[PDB]
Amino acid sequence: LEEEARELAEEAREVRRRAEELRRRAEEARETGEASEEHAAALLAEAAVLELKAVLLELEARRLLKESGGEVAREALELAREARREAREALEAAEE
């Protein structure tokens, strides 16, 4: 089970960093004012999907914490939550 939590955590690290990248692209986009509707909607789309992946990873970590209850499942839950939060920020930054 600790190996399942390790794959959950590492997958969360991936979606966090990718949300971090998308958020930066969206923040630079609002400050630049580049109203490339294709680019604005593409970032919005990939940020929305990244969030749904983060929510799925989140609830899967909750399930892996119902069972067991170890620190490795606990850390995998925080990393999923952070990824969810970074994705919601990339979301709201893409709306503008």
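So that there is no doubt, residue numbering starts at 1 and follows the sequence shown.
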query: Which of 46-54 and 22-30 has higher mean CA B factor, as the PDB entry lists it; finding: 22-30
query: Third assignment of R81 from its chain's C-alpha B-factors; finding: middle
query: Modelled-residue ranking by C-alpha temperature factor, third containing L59; finding: lowest
query: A87 - Cα temperature factor, lowest/middle/highest third of chain; finding: middle
